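J.: Let me give you the structure first, and then I'll get to my questions.
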Amino acid sequence: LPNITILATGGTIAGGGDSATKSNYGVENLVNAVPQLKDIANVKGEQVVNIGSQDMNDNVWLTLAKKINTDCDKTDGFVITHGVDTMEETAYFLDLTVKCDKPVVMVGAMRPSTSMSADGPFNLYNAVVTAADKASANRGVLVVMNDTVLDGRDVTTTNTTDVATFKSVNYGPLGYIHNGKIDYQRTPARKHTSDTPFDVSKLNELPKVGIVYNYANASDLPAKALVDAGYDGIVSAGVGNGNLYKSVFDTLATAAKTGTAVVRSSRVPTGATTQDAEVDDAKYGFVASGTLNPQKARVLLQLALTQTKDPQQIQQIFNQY
Amino acid sequence: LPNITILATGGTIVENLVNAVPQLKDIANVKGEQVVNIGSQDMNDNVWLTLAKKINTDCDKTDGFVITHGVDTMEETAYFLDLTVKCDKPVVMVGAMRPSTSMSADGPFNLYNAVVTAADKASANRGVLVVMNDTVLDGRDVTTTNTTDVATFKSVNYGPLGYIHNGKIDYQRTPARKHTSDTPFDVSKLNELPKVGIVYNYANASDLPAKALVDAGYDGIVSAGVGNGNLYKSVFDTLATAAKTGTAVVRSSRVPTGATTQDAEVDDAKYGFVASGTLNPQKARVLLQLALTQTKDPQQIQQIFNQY
Amino acid sequence: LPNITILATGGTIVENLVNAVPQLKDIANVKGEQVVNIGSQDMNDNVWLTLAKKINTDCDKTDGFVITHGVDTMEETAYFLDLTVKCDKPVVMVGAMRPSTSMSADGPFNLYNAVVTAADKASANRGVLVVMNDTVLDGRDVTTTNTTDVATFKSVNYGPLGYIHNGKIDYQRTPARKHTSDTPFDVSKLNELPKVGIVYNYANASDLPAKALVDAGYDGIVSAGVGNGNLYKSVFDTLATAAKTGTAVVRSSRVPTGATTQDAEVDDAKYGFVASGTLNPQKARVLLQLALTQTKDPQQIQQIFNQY
Amino acid sequence: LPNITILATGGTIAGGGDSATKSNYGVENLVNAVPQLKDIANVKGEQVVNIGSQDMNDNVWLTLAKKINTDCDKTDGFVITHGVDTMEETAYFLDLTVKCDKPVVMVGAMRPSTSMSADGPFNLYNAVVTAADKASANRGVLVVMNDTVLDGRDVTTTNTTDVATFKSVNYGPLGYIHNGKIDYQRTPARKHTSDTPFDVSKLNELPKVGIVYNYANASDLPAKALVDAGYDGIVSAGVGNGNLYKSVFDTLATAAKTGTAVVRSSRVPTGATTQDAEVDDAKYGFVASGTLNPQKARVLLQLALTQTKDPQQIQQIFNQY
Ligand SMILES: N[C@@H](CC(=O)O)C(=O)O
Ligand SMILES: N[C@@H](CC(=O)O)C(=O)O
Ligand SMILES: N[C@@H](CC(=O)O)C(=O)O
Ligand SMILES: N[C@@H](CC(=O)O)C(=O)O
C-alpha cells in the first residue's frame, strides 16, 4: 500500500457543534474516524495549522507549498484537509507552485463531522484513493469532493450549503470515483506544477493584490484605498464580460499608468472575461483574466508579479497558466 | 391588441430597434420612449428612481411595459423595480448577449418574446420579470450565469416561472416573496437612495475597502462572503465595528447559488449583522438600500430580508 | 409534536430504520408501517394502488406521511400519488443514494429532513413531495439526474419548492398544475390500471417494440422521442396505426429537460397523438394510465395533459 | 485560407416554415446565407442526403464515414450539417470510425433558418472556424453549437427547444469560441478515430441492436420482440444505476445465454452505469455501458459486434472507447 501524508489545515471537515441536528458549529482524530483508510494506504498525518479557511492567507500558502516540495521524496502522495470557503484559491496556488510530481489532493466537508450523514469520512476516503492512484499523477493539484476529481484551476464552490457544491464549472471534472476506482477522461491543458516558472522556495511573502466588486452605482473608494496603500495589483470583479462601472474604471486606469497591475475578471460565475469586447485592454494597460474568477485571478496575478510588472507579459501568463 | 410601452435604457440590444421587428405588429400596439441611453455597467440610483416613477405614473396609460436594458446589471434593475413598482400591469425586462449587427443576433426574438410576455394577461401579478432565451424569470431570483452565452439568464435557486413556445407561455410558478404593491417601499418622493457598498472576501483579504466605506459614513455595507457568508478576519473586525457605529451590515456570499443562512458560523445577533438569504451581493444591496429608507434597526432589516 | 406515519416500500434506504435516527423524537411522534419490501426497479401498478388507498383511508389518523422508497422509480411513484392522493396533509417521499451501512450514508439525514417536511404545516396543499439532499421538490417535475450522486434529485424544468436548513423550510414556490384533490382521478375502487408501454426512439429504430405493444392491445403507448418528441419513420408508421385503432399515443422525449410541444414537426391532430409537455416518458405514462380511466378520446387526453 | 468541405445531411439547419414567428416547420443556399465564411475558409459543399435526423440510419452512417475516409486527402477539414435529434449518435459513430486526422465537425440549429434570431448562421460560422483550426485535429469527431466545442462521445442534447441544448454532461466541453478563436483546455482520453480497431470501409450494413426502456411495471414484450427477431444486441435503458424491471431482466438474461449481446445503460441523463452495483454482470453475461447513454451504447455495441460476440471482450471495448 502507498504511503500517503495528510497535511491538515482545519475547515468544517475538522469542525463540530453541540448537536448532530443543529446547524451551528486534530488530524489523528480524523484518521481514527476513518479506519477504512488502512485498506488503501499507510497514512501519516501532520497538523500544519488549524484555521477556518475563511482566514486562509499568503503565509499558509507559502508554508504548504514549501513543505510539499521539501517532503516530496518522503511519501507517495499528499492529501490536504481544508475548509470549503477558500479551497478553490489554495488549490490553484498549489497547482501553480508545487513541483512535486506525486498527487496532491485537497479535501473538505460541507457538514460538520458531528452532524448526521456527515460527508467528511467518505470524502477523506475518496481523497486518499485519489492520492494513491498512480493515474492521478501529472494532472496538477486536485480537489476531491462528492465522488469527483476536479482540477485545481477550474474548480470552484457553487452553492453555500450543498454537499455537491464543488464543480469545474467551465471545463468539467477529470474523473469520477466509484467503488474506490477512478475513470479518468480529462487532464488540464493549462500549464501546472513543474511546468510553471513560479518558484516560491525562497519567498517570505507575496505581492499585494486586492479585489474590487462592480455593481450599479459602484463606489470608487475601495479601489482608491488599494491604490493609496500602494497595492502591486488589483483584480476587478466586473459585471457581465468583465466591465467596470465608470468611477471604478477611471481609478483603475489611473493606477495602471502609475504601474499598478490591473486584471479584469468577472463576478459572473462561469465563462471567460475575454479580450476584444468593450474594453481596450492594450490601451489601458489592463489584463483579461479568461476563465479565472476574481479570487483565482488574484492567485495568478500575485505569482505573475514575482516575475514581472509588465502588462503584456502578465497577459501572456494569463494565457498560459 | 394590447398597448405595450417600451422604455429603452441602452445595452447591447427606440423607434429604429422597434421598426426592425415588424412582427411586433402582429401582437401589440407598441409605443417607444427613450429614458436614458447607457451601457448597463454604468447603471445608477438615478436611472432606477426615474424608471420606478415613470412606470408608477404611466401605469393607467398602457397595458404593459418592456424595458430594454444591458445584460451586465439587468438583475439589479429588475429586483429594484420588483420592489418599487406599484403598477400591477406586466413589467418585462429584456436585453441581448450579441450585438444587433452580429450573425444570429438574439435581440430581435428576445424583444418579440418580451412583448409576448408583457401582453399576456397571465403575466400580471407575478412581479417584475426578465424574459431571455424563451424563458420568463422572476426579478428576485434571476441572474446572469455566463459572460457570453445567450442562455446566461437563469433563476438559479428557484427556477423559471414559465417557458415561451410559439408565442404562448405555460406558467407553472410564481414568486412567493412579496413584490410590487405588497411592499412598503415607496420611492415616488425620493431623489437619492441610501449609500450601500459591496466588499469582497477571499484569502488574505484587505480591510481597506471596508474601512474606506466606513470612513465615508456609508449607510450600509454588503459583504460578498466566502462559503456560507463568512468573512476574512480583518474584514470581520472592521464590519463588527461598522455595525455598532451607524452602518448596517448584510452578509451575502460570492458563491453563486444558495442562501447565506443564519445559525451557521457567525453570531449575527451579537454583531448586529443581517443574513441575506438567497440574495447575492448586488441583489442584497438593492434590498438594503430600500430597507434603509424605512429603518436602520438590524433586527427590522433582518425581518425585511426575510419577507422580500 | 406532530404525528407522522412512515410507510416503507423498500429501496437502498421500518422499526429498525426508525430507531436508528433517535433525533426524530425531537420533531415528531413517528409510527412505522411496512407496505411492501422491494427494490424500486420492481415497482408496479399494485403497489401504487395500495399506497394511494392507504393514504386516502388513513388521512384522518395522522398529521403527515413519509414514504421510504428506492431512488430508481421514485419520480414515477411520486407523480402517481401526486395525482391520486386526496388527503391534503403532507405526503413526502424519501430515499437514499448510498447504503445505510456505507461511509457517510445519506439515509439518516434524508429521513430526518423528510420528517421535518412532513411536519411543517407550510408543506400542506403543495401536492406530493420528494425531499432529498436538503431540498423539497414537487412530485410532478422531480426526477433523478445522475446514476450515483447523492444530489441526483432535481426539478429540472421549474426548480424546487424550498430548501431545508437547520430543520426549517423557506418555501418560495408551489406547483401550479392541478394535483391531489384538484384532480378527478379516483383510484379508491380500481384493482388494476390501463396498460401503457414506453418505446424508445434513436437512429435506425426498430418498429418491433411498438408493434408488440399494439399486438397485445395495450391501452396506451408513450414514445420517448428524439429532440422535440420526434419519431423514427418506422416507429411513426406503427404509432400512426395504433392511434386510429384503439391505442392512445403520447409523444414525450428522451431528452432530459424541456417540453414536447404541439405545433412543431408532428401534426398531432391529424394522427390522433397527444404531446406530453414537460412530462418525461415515465411520467407521461403515469398520467396516460390515469387519463385512460376517464377517457379514450385523444382530444380529451390532450386537455388532461394540459392541466395536470 | 484552408479548404473546408461541408457534407450536408438535412436537419432544422436546412428546415423552414411559412412564418418567421410560428413554430411549425440545399447546401449551396446555406453557404450563400453565410457570406462571412469566405473570411475564414474556401468552402465546398456536397449534399450527401437530405433527411430529418429523426430518420437517421445505419446506411447514412456508413456513407458518411466512408466518404470522409476516402476524401481525407482532398480537403483540410469537414463540417457536417445535421439535425439535432440524433446528432449525438452520428457524432459518436463517426468518432469511432473516421480514420482521417483532419477535423470533423458536426453542426445544426435549434431554430429554423427562416425564424427570427435563427441560430444556424452563426453556428455554421463557428463550425467552420473549428474545422479550420489546426489545434482542432487529433481531438476526435466534434460537435460545435452555441459557441462551444464538444467531443463526439460525451456530447448530448439536454433540452427539447433551447439553443444551448448541446452539452458534454459528464466531462465538459473541449473549448469555447470567442471572436473566431478557440481556447482548448481538454481533449477526450477515450480512444477515438485512428486509435480504434473499427474499420467500416468494407461494411454494407451493421449488426442489429435495439433499445428497451425500463420503468415501473415495464412490459417484457419489447425485449421479447427483439429476441424473437434474432437481434445481435440489446441495450437496456435502465432505471437509476442501470437496473432492470424483473420481467425485462428475465428476458435479457435468457437472451444473453443464447448469445445475444446485452448492455446495461441508463435512462438517467448523467453518470455511469457501473459494474459492481446491484447486477452481477459476469454472472448474466451482461456489459455495463459506463457513461454511454442508451443511444450511444448502441453505437458502440454495433461496432463491438463487428469484431466479437464475447461479453468479456465487449466489456473491455466498453472500457476503452
Ligand atoms: N468556514 C468553513 C466552511 C467549510 O469547511 O465547510 C471553512 O472554510 O473552514
Ligand atoms: N455592456 C453591455 C452588455 C450587454 O448588454 O450584452 C450592457 O450591459 O449594456
Ligand atoms: N435499486 C435501488 C436504488 C436506490 O434506492 O439507491 C432502489 O430503487 O430500490
Ligand atoms: N427534427 C430536426 C430537429 C433539429 O434539427 O433541430 C432534425 O433532427 O432534423
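We number each residue from 1, going along the chain as drawn.
Even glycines carry a Cβ here, placed using N, Cα and C.
Below are the features listed in Swiss-Prot for this protein:
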ACT_SITE  A:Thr12  active site, O-isoaspartyl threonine intermediate
DISULFID  A:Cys72-A:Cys100  disulfide bond
J.: Given the disulfide-bonded residues A:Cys72, A:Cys100, which one is most crowded in terms of C-beta atoms within 10 angstroms?
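T.: The residue with the densest Cβ neighbourhood is A:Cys100.
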J.: Tell me, by DSSP, whether A:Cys72 (disulfide bond) is helix, strand or coil?
T.: helix
J.: What is the number of other Cβ atoms found within 10 Å of the Cβ of the residue listed as 'active site, O-isoaspartyl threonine intermediate'?
T.: 27
J.: Would you kindly give the Cα-Cα distance separating A:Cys72 (disulfide bond) and A:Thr12 (active site, O-isoaspartyl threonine intermediate), rounded to the nearest Å?
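T.: Spelling it out, the Cα of A:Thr12 (active site, O-isoaspartyl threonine intermediate) and the Cα of A:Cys72 (disulfide bond) are 27 Å apart.
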J.: Which recorded positions from the list A:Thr12, A:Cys72, A:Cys100 come close to ligand 1, meaning a Cβ under 6 Å from one of its atoms?
T.: A:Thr12
J.: What's the straight-line C-alpha distance in angstrom from A:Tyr25 to A:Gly26, 5 residues unmodelled between?
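T.: Distance between the Cα of A:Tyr25 and the Cα of A:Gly26: 16 Å.
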